[PDB]
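Shown next, in structure tokens, is the structure this report addresses.
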Amino acid sequence: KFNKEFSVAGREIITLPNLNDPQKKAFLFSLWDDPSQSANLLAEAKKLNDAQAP
Amino acid sequence: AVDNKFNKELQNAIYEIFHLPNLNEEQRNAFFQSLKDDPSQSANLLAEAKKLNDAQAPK
């Protein structure tokens with residue numbers, strides 16, 4: 001399940017500018033644990049990123 | 001027994017491997033699969049990844 005789509009989703013997580021390292025690590029773990037949840041996880045991470053906007 | 005969600009060593013290894021600058025995508029993904037196959041190998045696989053990263057330095 002670790003293919004090109006996985007790489008894209010992981011990059012999307014780590015480039016969210018307002019998440020901190022523990023948060024990105026946690027999202028990346030969740031993606032690794034279930035790559036089929038990428039859409040839900042990416043939407044969750046973006047929502048949290050926006051909640052943390054300066 | 002350490003469950004994956006409760007395993008900081010596995011989670012840190014995934015995060016560090018994803019950041020390594022000199023691996024290719026195939027290497028990264030192979031490490032992620034090897035971690036899935038046996039999370040007790042996190043320390044060994046992270047060390048192997050850093051070794052390959054350093055061997056593959058562009059200068």
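Here the Cβ is made from the backbone with ideal geometry for all residues, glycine too, and neighbour counts use every protein chain on show. Taken together, the values in this text are just the output of simple stated rules run on the coordinates, not laboratory data.
At a glance:
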item	result
The stretch B:16-35, residues that are facing chain A (nearest Cβ under 10 Å), closer than 19 Å to A:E12 by Cβ and over 8 Å from the mean Cα position of the chain (by Cα)	B:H19, B:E25, B:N29
Test: residue in the stretch B:35-46 that is surrounded by 12 or more Cβ atoms within 10 Å (Cβ to Cβ), of a type in the set (G, A, S) and either in contact with a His (Cβ under 8 Å, 6 or more places away or on another chain) or under 19 Å from A:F27 (Cβ atoms) (or both)	yes
Residues satisfying the stated conditions in the stretch A:15-47, i.e. more than 14 Å from B:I17 (Cβ to Cβ) and among the aromatic types (F, W, Y)	A:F27
Any hit, the stretch B:36-54, residues being free of Cβ contacts under 8 Å to residues at least 24 places away in the same chain and facing chain A (nearest Cβ under 9 Å)	yes
Qualifying residue in the stretch B:1-14 (condition: touching a helix residue (DSSP H, G or I) at 6+ places or on another chain (Cβ under 7 Å), within 14 Å of another protein chain (Cβ to nearest Cβ), more than 18 Å from A:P22 (Cβ to Cβ) and among the aliphatic types (A, V, I, L, M))	no
Selection count where residues are under 14 Å from A:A45 (Cβ atoms) and surrounded by fewer than 16 Cβ atoms within 10 Å (Cβ to Cβ), scope the stretch A:1-33	8
